[PDB]
Amino acid sequence: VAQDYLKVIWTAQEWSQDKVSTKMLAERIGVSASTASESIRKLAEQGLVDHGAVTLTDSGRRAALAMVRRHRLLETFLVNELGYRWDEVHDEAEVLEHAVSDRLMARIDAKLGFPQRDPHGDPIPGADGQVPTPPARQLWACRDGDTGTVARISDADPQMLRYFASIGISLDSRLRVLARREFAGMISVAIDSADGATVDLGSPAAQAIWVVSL
Amino acid sequence: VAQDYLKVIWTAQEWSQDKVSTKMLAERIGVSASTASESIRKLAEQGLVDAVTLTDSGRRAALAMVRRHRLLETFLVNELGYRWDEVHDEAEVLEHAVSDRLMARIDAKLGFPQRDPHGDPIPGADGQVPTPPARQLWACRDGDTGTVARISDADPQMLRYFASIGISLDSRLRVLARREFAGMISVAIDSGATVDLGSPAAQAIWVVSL
Ligand SMILES: [Mn+2]
Ligand SMILES: [Mn+2]
Ligand SMILES: [Mn+2]
Ligand SMILES: [Mn+2]
Ligand SMILES: [Mn+2]
Ligand SMILES: [Mn+2]
């Protein structure tokens, strides 16, 4: 699916500045690298990408921003109107993104009150194409003593979203790092809650929580 | 394609007994008579269909596609401000990229509806079709009564027209000629105005006596 590639390339560049090899595309889009190379070759001919490493052109940016907007407004609509949880929305909107007309997103956007962020805090690009990215970094990238408000949680693993909800790490929850033990991949944080509990996040969980220091 | 096929065979035999030929699928869906048979063969190679006529496992798959389409048509009008003449072509597209979990929550949010915005019966999850006992208005005689049950959606021009005069599901109609020479029938609507409908218009209005 050609549209999946532009959205994936853009989401990879959203919180990192590395490279998106054709092998990175294949394993996350979900198809063999044999066809991903044959795929990514096509979009470069259409003037959408360029590639070694792959990048977005200007026609690919406005096209990927469109795909991201539909995906993320659909996730939001499934939670706020249809009763999904935040771990059930990504697989649904991953399929619904290629069958929706601009008219439907307009009424979805209008009924949702024009939301700017996901159930995961993922920024929803505007129709004009601005993108409201919050100024955040991963919890694992922080150091001892730092505080912050959870602003965005990755949805690559629905189990991890389930784990976060069970202990009390939601969007807008305030954390402080107590003991970051780089060896061996453990970080202790204090959730600012009513009874004020304390949890021990492993290295992968902390690399999924983006936080805003304020 | 291939779910659009099965859906069309069932919807064709829903209000008539005229049967389906490989070409008539090509004029409804949109393809050549050549490819039309090749798309039919793989539904027949699966045991979903054997003058098309579907089998038990084929009726079940078509009833699920019909249910998805009409639940979408209802969700669009009731939740997202669509008019009944805008939903078909859009719901014609969503029906292939929707999960059964999403349909169930749409179904539950709509209150478990039996009819869609056009009065078309919405099949149950197990294939329990709630067919209403209706006949074409053009088949009535002056002067029977009857509530409108189903209105055809093959043309959004007709639905847009019906809504303009005041014709919509549940409205009671009374026939007062009944003028074939004139190619139209006059009806009283109570809910008291007088409206004249041509033969093609009254042919897209199924009604339930008294
Ligand atoms: Mn997502
Ligand atoms: Mn997708
Ligand atoms: Mn998201
Ligand atoms: Mn329809
Ligand atoms: Mn269809
Ligand atoms: Mn309908």
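Residues numbered from 1 in each chain as written, not as in the entry; some residues may be left out. Chains lettered and ligands numbered in written order. Heavy atoms only, no water.

For this deposited structure, the header cites X-ray crystallography as the method used and 3.000 Å as the resolution.

(A) Local environment of the overall build of chain A. In terms of helices and strands, chain A carries 8 helices and 8 strands. The C-alpha atoms of chain A give 18 Å as radius of gyration, which agrees with the globular expectation for 214 residues (17 Å, within 12%). Over its C-alpha atoms, taken along the principal directions, chain A stretches across nearly 55 × 40 × 25 Å. Residue burial in chain A is summarised as follows: out of 214 residues, 45% are buried. Of the accessible surface of chain A, which amounts to about 10800 Å², a share of 49% is contributed by carbon and sulfur atoms. Between the averaged position of the 24 positive side-chain charges in chain A and that of its 30 negative side-chain charges there is a distance of 2 Å. (Helix = DSSP H or I, 4+ residues; strand = E, 2+ residues; numbered from the N terminus. Rg over C-alpha atoms; globule rule 2.2 N^0.38 Å. Buried < 20%, exposed > 50% of the residue type's maximum accessible area, 1.4 Å probe, protein only. Areas by Shrake-Rupley, 256 points an atom, 1.4 Å probe, with all protein chains shown as cover. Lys, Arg positive; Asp, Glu negative; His and termini not counted. Charge placed at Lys NZ, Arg CZ, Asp CG, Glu CD.)

(B) Quick look at the packing of aromatic side chains. For the structure on display, the rule yields 5 aromatic pairs over all chains. Measuring from ring centre to ring centre gives 5.7 Å for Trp15(A) and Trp210(A), while their planes differ by 35°; the resulting arrangement is tilted. You can call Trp210(A) buried: its relative accessible area is 8%. One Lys or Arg, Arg107(A), reaches over the ring of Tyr82(B) and ends 5.0 Å from the middle of that ring. Taking the ring centre of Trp206(B) as reference, the NZ or CZ of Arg150(B) above it sits at 4.9 Å. (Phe/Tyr/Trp six-rings, centres within 6.5 Å; stacked < 30°, edge-to-face > 60°. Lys NZ or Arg CZ within 6 Å of the ring centre and 35° of its normal.)

(C) Fine view of the packing of helix α1 (residues 2–12) of chain A against helix α4 (residues 58–80) of chain A. Residue and element names in this part refer to chain A. Axis separation between α1 and α4 bottoms out at 8 Å; the angle between their running directions is 90°. As summarised for this structure, α1 and α4 are arranged roughly perpendicular, according to the angle between their axes. Here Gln3, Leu6, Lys7, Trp10 and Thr11 of α1 come into contact with α4, specifically with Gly60, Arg61, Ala63, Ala64, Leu65, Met67, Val68, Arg70, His71 and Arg72. (Axes fitted to C-alpha atoms, helices over the stretch in contact; angles between N-to-C directions. Parallel < 35°, antiparallel > 145°, perpendicular 65-115°, else oblique. Contact = heavy atoms within 4.5 Å.)

(D) How the structure looks around the environment of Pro132(B). Residues and elements named next belong to chain B. Along the polypeptide, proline 132 turns up in the loop between α6 (100–109) and β1 (135–136). Overall, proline 132 belongs to the buried group, its relative accessible area being 19%. Separated by 13 residues in the primary sequence, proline 132 and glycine 119 have C-alpha atoms spaced 8.8 Å apart. Apart from the residues lying within four places of it in its own chain, the contact partners of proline 132 are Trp15, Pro121 and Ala149.

(E) Spotlight on the sheet that holds strand β3 (residues 172–179) of chain B. All names here are of chain B. Here we have 6 strands laid out as an open sheet, ordered β1-β6-β2-β3-β4-β5, and antiparallel in their pairing. Both edges of this open sheet fall to β1 and β5 (194–198), since each of them pairs with a single strand only. As judged from the 2 bridges shared by β1 and strand β6 (residues 205–208), these two strands associate in the antiparallel manner. Bridging across to β6, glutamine 136 finds its partner in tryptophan 206. (Pairing = 2+ DSSP bridges.)

(F) Layout of the pattern of salt bridges. The final tally for this structure, using the stated rule, is 31 salt bridges over all chains. When the shortest N-O distance is used, the salt bridge between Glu14(B) and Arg70(B) registers 2.9 Å. Accessibility expressed as a relative area gives 18% for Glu14(B), which makes it buried. In this structure, the salt-bridge partner of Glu86(B) is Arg83(B), at a minimum N-O distance of 2.9 Å. Since its relative accessible area comes to 15%, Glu86(B) is described here as buried. Linked by salt bridges that have partners in common, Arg85(A), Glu88(A), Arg101(B) and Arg105(B) make up one network. (Salt bridge = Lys/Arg side-chain N within 4 Å of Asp/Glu carboxyl O.)

(G) Structural context of the coordination of the manganese ion (ligand 3). Residues and elements named next belong to chain A. Taken together, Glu75 (OE), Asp118 (OD), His120 (ND1) and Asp122 (OD) make up the protein donors of the manganese ion (ligand 3), found 1.7 to 2.7 Å from the metal. The sequence motif formed by the donor residues of the manganese ion (ligand 3) is E-x42-D-x1-H-x1-D. Here the manganese ion (ligand 1) and the manganese ion (ligand 3) are spaced 3.2 Å from one another, each receiving a donor from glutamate 75. Its relative accessible area of 0% is what places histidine 120 among the buried residues. Residue class for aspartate 122 comes out buried when judged on its relative accessible area of 4%. (Donors = N, O, S within 2.8 Å, 3.2 Å for Na, K, Ca; no water.)

(H) Structural view of helix α1 (residues 3–12) of chain B. The element α1(B) is largely enclosed, with a buried count of 7 among its 10 residues. At its buried positions, α1(B) is contacted by α2 (22–30), α3 (33–45), α4 (56–80) and α5 (87–94) of chain B.

(I) Summary view of the packing of α1(B) against α4(B). All names here are of chain B. For the pair α1 and α4, interaxial distance at closest approach is 8 Å and the crossing angle is 95°. By the angle between their directions, the pair α1 and α4 is classed as roughly perpendicular. On α4, the residues that touch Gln3, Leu6, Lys7, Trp10 and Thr11 of α1 are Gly58, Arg59, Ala61, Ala62, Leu63, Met65, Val66, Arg68, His69 and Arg70. Within the contact of α1 with α4, the residues separate by chemical class into 7 nonpolar, 4 polar and 4 charged. (Nonpolar A, V, L, I, M, F, W, Y, C, P; charged D, E, K, R; others polar.)

(J) Representation of the environment of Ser164(B) in the model. All names here are of chain B. Counting through the fold element by element, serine 164 comes out in helix α7 (residues 156–165). Classification of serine 164 as exposed rests on a relative accessible area of 54%. Taking the C-alpha atoms as reference points, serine 164 and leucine 137, 27 residues apart in sequence, are found 18 Å from one another. At 2.4 Å, the side chain of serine 164 forms a polar contact with the backbone oxygen of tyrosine 161. (Polar contact = N/O pair within 3.5 Å; in protein donor to acceptor, adjacent residues only side chain to side chain.)

(K) Quick look at unusual backbone geometry. In this structure, the amide linkage connecting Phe183(A) to the following residue, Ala184(A), adopts the cis form with an omega of 10°. Along the polypeptide, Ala184(A) turns up in the loop between β5 (174–181) and β6 (186–191). Residues other than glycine seldom take positive phi values, yet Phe112(B) does so here, at roughly 65°. Secondary-structure assignment places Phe112(B) in the loop between α6 and β1.

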